[PDB]
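Protein chains in written order, with PDB author numbering: chain B, 40 to 130, 141 to 243, 252 to 374, 390 to 414, 417 to 453; chain A, 2 to 744, 749 to 767, 779 to 1015, 1022 to 1115, 1120 to 1140; chain C, 310 to 314.
Comments concern the structure below.
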Amino acid sequence: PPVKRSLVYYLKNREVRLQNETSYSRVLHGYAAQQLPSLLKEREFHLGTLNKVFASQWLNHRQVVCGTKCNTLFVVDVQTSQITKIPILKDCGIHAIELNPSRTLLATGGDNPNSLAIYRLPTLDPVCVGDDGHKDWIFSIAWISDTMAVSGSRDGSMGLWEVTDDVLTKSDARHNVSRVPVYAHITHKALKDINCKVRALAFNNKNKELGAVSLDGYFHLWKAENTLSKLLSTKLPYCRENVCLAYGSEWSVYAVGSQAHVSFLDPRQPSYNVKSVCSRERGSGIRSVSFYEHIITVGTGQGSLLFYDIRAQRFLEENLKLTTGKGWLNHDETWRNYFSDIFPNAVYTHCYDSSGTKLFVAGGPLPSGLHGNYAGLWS
Amino acid sequence: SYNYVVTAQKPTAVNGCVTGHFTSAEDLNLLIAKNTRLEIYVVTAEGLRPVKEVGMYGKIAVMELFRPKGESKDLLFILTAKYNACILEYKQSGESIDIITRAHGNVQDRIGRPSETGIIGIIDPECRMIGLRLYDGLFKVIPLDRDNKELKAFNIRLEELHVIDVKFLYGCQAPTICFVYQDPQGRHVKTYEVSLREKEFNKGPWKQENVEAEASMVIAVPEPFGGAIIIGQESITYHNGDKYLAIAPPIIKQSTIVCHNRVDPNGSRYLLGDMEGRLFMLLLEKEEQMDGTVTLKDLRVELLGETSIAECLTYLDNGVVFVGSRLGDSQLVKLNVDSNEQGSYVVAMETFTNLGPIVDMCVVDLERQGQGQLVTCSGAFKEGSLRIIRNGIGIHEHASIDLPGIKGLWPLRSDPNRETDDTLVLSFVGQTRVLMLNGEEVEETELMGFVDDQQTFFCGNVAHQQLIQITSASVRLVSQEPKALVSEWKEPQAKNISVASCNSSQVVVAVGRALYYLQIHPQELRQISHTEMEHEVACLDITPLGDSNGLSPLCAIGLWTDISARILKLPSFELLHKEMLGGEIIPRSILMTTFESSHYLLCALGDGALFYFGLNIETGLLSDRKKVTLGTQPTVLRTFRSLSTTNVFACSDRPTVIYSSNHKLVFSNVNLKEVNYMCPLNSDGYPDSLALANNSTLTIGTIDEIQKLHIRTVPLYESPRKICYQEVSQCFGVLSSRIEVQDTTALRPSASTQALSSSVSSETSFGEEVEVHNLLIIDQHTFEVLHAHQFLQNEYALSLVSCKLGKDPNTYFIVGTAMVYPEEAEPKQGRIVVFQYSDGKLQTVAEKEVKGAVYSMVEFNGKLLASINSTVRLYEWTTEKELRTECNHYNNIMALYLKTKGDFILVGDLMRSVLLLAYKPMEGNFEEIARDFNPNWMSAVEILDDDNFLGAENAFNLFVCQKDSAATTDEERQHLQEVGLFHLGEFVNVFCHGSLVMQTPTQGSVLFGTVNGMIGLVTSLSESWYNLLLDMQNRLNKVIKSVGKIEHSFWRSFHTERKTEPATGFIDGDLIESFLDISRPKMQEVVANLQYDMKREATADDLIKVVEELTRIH
Amino acid sequence: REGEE
């Protein structure tokens, strides 16, 4: 038979409890997803003088954490407009924040931009030190299981690290025998080496693969069923400025960014099914990308979010496009030298909500010589 | 804001029943769980003697019985819907009955997520361990033991995510488990074997098969067979590893089996039964072998019959089958060994009323008495009905005569062999009539011995096998045979009598001012005592009370110039007490009556003010003076026997019963338009009945139960959606749909086809099932379908309003409809149609072709507010009688609800919370005042007042959000705060402004109707009241107990999937009222050190009389 | 000018 697909059946069955079931839980969202883009409104936040927001992740319905160029790690409430600053972990600030699939651990950079750090959610207590497996930066921290994590780097090292059950136990025991922060090192169970820098990652969660990206323009898929085992590689379609890549967990396509295009890549399929949608916003660079049910949110440098529809192959709505505010700026000596004759805050990060209604954008100014925060919550 | 919520009518729908020896070792019990409500019945040879009912702090989700080894009776396992496992027993000591909990404890896994076929709860047959499937991918296990007081679980990671059903196989050494699950390859069955020491799934006895596509509902056959039966949709299968049997009956492919029960305790016969009410029987053919092995032979099924849309069957004994239903009523049908009509071994035996699901409701007052009746929609698919709820006391209309201008009515027995009635005696000014009662029949006549040309004031059956009747000029005592005037007394002064009464051996008459007492002797009246009263007498009563054989020496009177009542002692008429009533108009009727052996007197005035007093017949003294007002015309206070209880009626223009409830006298405006006089009745066709002479007629009927609410099922035989009302046309508009099978042809004669008149407004593969929609103009007196209109094909109709528009004096009906297709997510079509119902024939005025799905309409001050898909729109009713668009408003995901109050509008959304608007009339456009920034999924909105707003979320919660006028910038004057959070427990469908009680702590009343047929009431409060009652609350939660030791504050806490916080600014009316029905020594603990008012500390009786004022609201 | 990695 044809699919029983209509919102009215759900509406009227819901009233009787008879078959309002969860075969609809995927149409309600396919509908809300194309509805929201048209009815979002900014609400600025006042951070102060922090440099540039690089990482952001939701912790609750209300608290989102952010990491900056001045390697601050701060939790902002989205209701009360409250910034709280937390420690940092010893052994160009923060560049990537992720939460283990169980939402219990938090794997971000530390006092060393070449080491790592591990906080235990939902209480943020510091747990581990950064390890030595990377002498260069950490530019991506993906989670592959409840305790194994894979860390890209600006040298090329792809060191699998993994929080052990033993450090789990002496971490739920080290905060009882004491209350002062106590840490614990880990060894990189692997240090597999590979314009040879592991910038951005992804994670498919059925084939247990880790199709990464390297800024020279090279995709590198390294399956991790339980441990890393490199599988394949490929020169990506566009060459310049490939810094963002995500995977649509139910569309079997990788969305990867570029200078002025966005590419849909099927890995186990060859390079003649590569579609690069043009943004035409020439001069920004797609600094972030994310998947809602069938809707790709692109976050660029000129300060504007754009929306694409994987199914109708075209953009939403003249294409709907938000625009980030002004925020804050610093008037340093380099502001006087080369950046006084003119800022379009560039959205480096954006994330939706567990309840799928409120979006959170953050960023700063695009020229590297500048210094200015910005962060805004769009519902 | 500080609100108050309390339930008018507890849930009715039934979502699970079980049976077994709970209450004792041999008493076969039945146990039903309504929603949060558990009911324990004994089963007897003829019915269901109810034994107990208790309330849970949680929506029952799994209920099971089991007898562990070493225990005589059974134990009961209950799992609420917030994961509160508990294990109950049943104590009994004389009449002290209570439900002890032997083990309890939450079993929610800290972080998981719910399952896609809800909770499942099973028990092995050897009573070793409970298995629960709360969340996907896992299988929680509670090892039964003695050292497991805290129910202590542990998971087992099933490799199968999408389980569909599971059971605990029979006859196996260590616990086995057979279940059916889905997979990218299809649907399979598989058995594991749990290891309670290694905590893991060993491979189990037989193999993974390949099962029919849409299977479900596996069964576990008992010992002599063992194995499993899997009931898909188009086939039934038996599996035992080696064997395999598959029968595909031709019948059951019509609908889908959803329940079952084991009739015989060894698996021979099984009850089944699908969606649309039918009922089958499954047979297991035994083929026992030579070496002792009892095996199976074959499977066959046969159709028993029909019943309600059943949801949890049960077999007790002797052919008695309990049917339990959720979309209709719940029968008690009985099984015969042989068909009668066209083949049906089932004939009903009883029926229990079921309101849910209340899909709509509309409170009205039909006599303009301002009391309140509550027509609602109900049920579904073949059980859709209209109920008519109303507080009060019931008076059916079984007959009526045209008898206006009546002055008196009584019962009389013409045959001295009949203890039941065969005479109804009537009075008129200057004449007397009689009414021969033959069964339910009443016929005008004259009863010889009764005057035809003089007015009478009383009559009754008395001692010495005779009746009496007092006339204008005499007292006519008449033998019952041959009914001729056998004795007559007269007044010495030859003055015309005006008021009079009599009893078994005593008579009291009042002529002028003189009160005469007359003695009843064998066919003889003797003159003994009489007195001269100061002022004229209006009333005189010698009704004997209680258990005496028609003798009472008290006589109550009321005065005409000195407005008051008095009491007297016969024979001397000696004045015992003089009580000043007051008011403005003279008293007319007085009455004394028994009330739980307590004597109670009531004297009514002409202005409708009635003063009621406790009586001491030993001293004739009057006490506990209190007052009531009912109406404006004279009143008639007459005694009645019925329901084994004797009480008073005040006949007025808003007539009422004064009857009793827990030693407290409760009043109820009775289901009568306007009554002048009354006669209680005991005919052989009218047992414990009454005939009521009104302004124009005498309505003969019999009482309903004197309990508070009285339903009136109006079957429709389709599914009703909306209801409206049009008082200027004296009807109701209702929308309905019936599921006419496409081939298209219907399936039952329905109230939309059995229509007095009818009309029709102006992907196609067979075997489908489409729904067809109609507008029925139900009448309002005889509730019959005066008209039915049919919409286009495919055209759902979602919205109805009856309203006056613009510069037009006609009220209309207006509908909003949507061309629903099966493969479209959003309706891109719709209509809004306005037609009027005149000359009994309803005709189309105009129509407007919208481009959305009109989920709502209201009348905004002579304009039309229409919520189409995602955009609110506001429309004006022009003079060429068309609608012209005034102003749009976008910015909504899906507009679904609407309210207004003055110039404000309260939209409610599919997934975001409420949103306020306002209509700026200067330029004519919408100004979005505020909104709310949590993502709630809404079901119903309401404008509690001009600032607060009230909403209901589909996670079963209530919230109150108010415009924060205490803001400064124009950013915090665009958020709505949140003052109220409550976990109701139920999924509200509709709010309505009204109240079902005769017209102040509370300052409002909204009614809401849930899906489990509850009826609840929400009303605001005052901060002093709130802060008193909430402290009283937290004091209550320390002495009261809970079935299952659950914590009040845990249950009520605003709970959803993401957040969870305590309840803010509500009061639990149920708990507060249950303060009353407890023991005084335990009322002494709660009262101490309170905040009564100024601040001080009240006492016990203060807290008594501080919440009775809270029951008068519902 | 730019160079924000």
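For every residue, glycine included, the Cβ atom is placed at its ideal position computed from N, Cα and C.
Rounded to whole angstroms, what's the CA-CA distance from residue i to residue j? Just pull it up for me.
i: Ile1089 of chain A; j: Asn1056 of chain A; result: 11 Å
i: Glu441 of chain A; j: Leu76 of chain A; result: 51 Å
i: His397 of chain A; j: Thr421 of chain A; result: 20 Å
i: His100 of chain B; j: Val874 of chain A; result: 35 Å
i: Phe93 of chain B; j: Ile343 of chain B; result: 14 Å
i: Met954 of chain A; j: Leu736 of chain A; result: 23 Å
i: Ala259 of chain B; j: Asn283 of chain B; result: 16 Å
i: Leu280 of chain A; j: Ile237 of chain A; result: 16 Å
i: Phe942 of chain A; j: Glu902 of chain A; result: 11 Å
i: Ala229 of chain A; j: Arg188 of chain A; result: 16 Å
i: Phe1072 of chain A; j: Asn107 of chain A; result: 11 Å
i: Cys425 of chain B; j: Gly450 of chain B; result: 11 Å
Three-state secondary structure (DSSP) at residue i?
i: residue 1018 of chain A; result: There are no atomic positions for residue 1018 of chain A here, as chain A continues from 1015 directly to 1022.
i: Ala946 of chain A; result: coil
i: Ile1130 of chain A; result: helix
i: residue 34 of chain B; result: Since the displayed chain B opens at 40 and closes at 453, residue 34 of chain B lies outside it and no answer follows.
i: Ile1094 of chain A; result: helix
i: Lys241 of chain B; result: coil
i: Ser77 of chain B; result: helix
i: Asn110 of chain B; result: coil
i: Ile253 of chain A; result: helix
i: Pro493 of chain A; result: coil
i: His397 of chain A; result: coil
i: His68 of chain B; result: helix
i: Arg53 of chain B; result: helix
Within the continuous beta strand (DSSP E) that includes residue i, where are the two ends?
i: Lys298 of chain A; result: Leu297 to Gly306
i: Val786 of chain A; result: Looking at the DSSP string, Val786 of chain A is not in any beta strand (DSSP E), and its letter there is neither H nor E.
i: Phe1072 of chain A; result: Counting along the chain, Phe1072 of chain A falls outside any beta strand (DSSP E), though it belongs to the alpha helix (DSSP H) covering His1070 to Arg1074.
i: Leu997 of chain A; result: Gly996 to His999
i: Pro681 of chain A; result: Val676 to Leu682
i: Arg642 of chain A; result: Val637 to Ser643
i: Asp625 of chain A; result: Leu622 to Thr630
Could you work out which residues of chain D lie near residue i, taking near to mean beta carbons separated by less than 8 Å?
i: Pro358 of chain A; result: The structure shown has no chain D; the protein chains it does contain are B, A and C.
Could you pull the start and end residues of the alpha helix (DSSP H) that residue i belongs to?
i: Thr698 of chain A; result: Element bounds for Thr698 of chain A: n/a, residue is neither H nor E.
i: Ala222 of chain B; result: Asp214 to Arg223
i: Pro1103 of chain A; result: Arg1102 to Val1109
i: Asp1053 of chain A; result: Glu1045 to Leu1058
i: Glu405 of chain B; result: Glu405 to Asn409
- Task: Residues of the stretch 432–447 of chain B with a CB closer than 7 Å to any CB of chain C: list them in chain order, please.
- Result: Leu440, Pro441 and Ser442
- Meets three-Cβ-pair contact criterion under 8 Å: the stretch 285–298 of chain A and the stretch 318–330 of chain A: no
- Message: With three or more C-beta pairs closer than 8 Å as the rule, is the stretch 1003–1014 of chain A touching the stretch 981–995 of chain A?
- Response: no
- Task: Could you name the residues of the stretch 313–334 of chain A whose beta carbon sits closer than 9 Å to any beta carbon of chain B, in the order they occur along the chain?
- Result: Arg327 and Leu328
- Message: Under 8 Å, with one C-beta from each stretch per pair, do the stretch 711–719 of chain A and the stretch 331–350 of chain A reach the 3-pair mark?
- Response: no
- Query: Is the stretch 9–29 of chain A touching the stretch 355–362 of chain A, taking contact as three or more C-beta pairs under 8 Å?
  - Reply: yes
- Residues in the stretch 1025–1047 of chain A having any Cβ partner in chain B nearer than 7 Å: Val1033
- Taking three-plus beta-carbon pairs below 8 Å as touching, is the stretch 789–806 of chain A in contact with the stretch 854–864 of chain A? yes
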